[PDB]
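Read the single chain below, which is given as structure tokens and is the form solved without the named molecule.
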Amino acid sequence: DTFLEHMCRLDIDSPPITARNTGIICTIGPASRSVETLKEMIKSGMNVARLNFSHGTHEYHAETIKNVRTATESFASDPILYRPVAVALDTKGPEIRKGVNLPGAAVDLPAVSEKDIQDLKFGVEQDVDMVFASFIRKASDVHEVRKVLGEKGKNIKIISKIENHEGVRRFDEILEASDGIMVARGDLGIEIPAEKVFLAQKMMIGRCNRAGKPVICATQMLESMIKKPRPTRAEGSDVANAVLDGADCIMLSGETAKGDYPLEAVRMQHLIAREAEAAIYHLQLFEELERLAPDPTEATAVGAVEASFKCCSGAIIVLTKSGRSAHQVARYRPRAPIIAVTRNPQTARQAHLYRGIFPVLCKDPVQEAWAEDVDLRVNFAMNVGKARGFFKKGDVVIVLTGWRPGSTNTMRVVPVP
């Protein structure tokens, strides 16, 4: 019941028993564009595929997206094991040119270049799940991106990338305007002194956890795996540290984009993230997040997480349409996996942005009686959890639903049949 005990009980000779709760985002490039490679990367644990729009034509990116969706849908014949895979568009953004950085300067470059405008509407056409907005420095930058996406792209998640000092200084207003945050350590390291970057990372991650908004750590993760089949201990420690800081997702770059071991990189990411999970002290996170929260859905979400610790439940099953209800549960960081059951394929993909959310896509048609339709979706989650090893028959799980059709404030404690 102390964080000190938790560290003292760490045993490197025992395999990690809990699942890997942090999302994996892989940059797709020449080394990982093929359908066959993408299939194995999905099998190895890739949750999100990022397309870097600093280079490449729209025709080139359209094919990459096509390949990602081909590899993803090849597993669709088994809905119990089917893993949703999101598509992320990463803008080139404003540049100064050999690129130039102006440390501490309030750069007045427009939030969205002419190329970014083209790429953003291309992202709307391609039905991407989220956008990584480069070089975000203020709230008006985020809303300018939102404006370009327009009405047709209103459901596309906007992740603001913090790449300089102004972004760190004005972090609160940026966070309040964004759907999530990406911490670009590499770029941050050239804008502020290196001995202050780790402080910035912990601050931003902390405020994202407090706000219940997804935070992504990017750059300088496993870069040595571009040439090597194994990473250094320092890289394994840095990655783990980002997980323990409270990051929702971790992003790979050249390791999966152009490297010689893209598949080994994804697997090494999965291993490190799963190993770091044993050092995570869940009970303290939840109790602190509770005391820092400012509604029947909020109250039910807290109750579900609270009960998940009391019952030692194998999972928290959440029936959701937009994903919002599952997100509210994720904010409180339960140790138990959050099985988000949805019929919306987009919300299933976007759910990977939140730590601990294991999204499943229900393809069964809507049943006439509401009580029937709820039981159907729950039993679907029951089957997935059994197949994934989350829980077994006889265990207890928490289920969050709505009370009436299109009403979620209902919690029930049910045994696994």
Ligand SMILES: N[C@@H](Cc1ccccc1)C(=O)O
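All residue numbers are counted from 1 along the displayed sequence.
We do not show the form solved in complex with the named molecule, though everything after this point is about it.
Contact between residue 356 and the named molecule in the deposited complex is found at the 4.5 Å heavy atom cutoff. The named molecule in the deposited complex is not approached by residue 391, whose heavy atoms all lie more than 4.5 angstroms from it.
Taking non-hydrogen atoms only, residue 67 never approaches the named molecule to within 4.5 angstroms in the deposited complex. Proximity of residue 83 to the named molecule in the deposited complex: non-hydrogen atoms within 4.5 Å are present. Interface residue among 180, 231, 94, 337 relative to the named molecule in the deposited complex, by the heavy atom within 4.5 Å criterion: 337. Considering the named molecule in the deposited complex, the lone stretch of 348-356, 32-40, 379-387, 59-67 in range is 348-356 [heavy atom distance within 4.5 Å].
Interface residues of 13-35, taken as those with a heavy atom within 4.5 Å of the named molecule in the deposited complex (partner not displayed): 19, 20, 21, 22, in sequence order.
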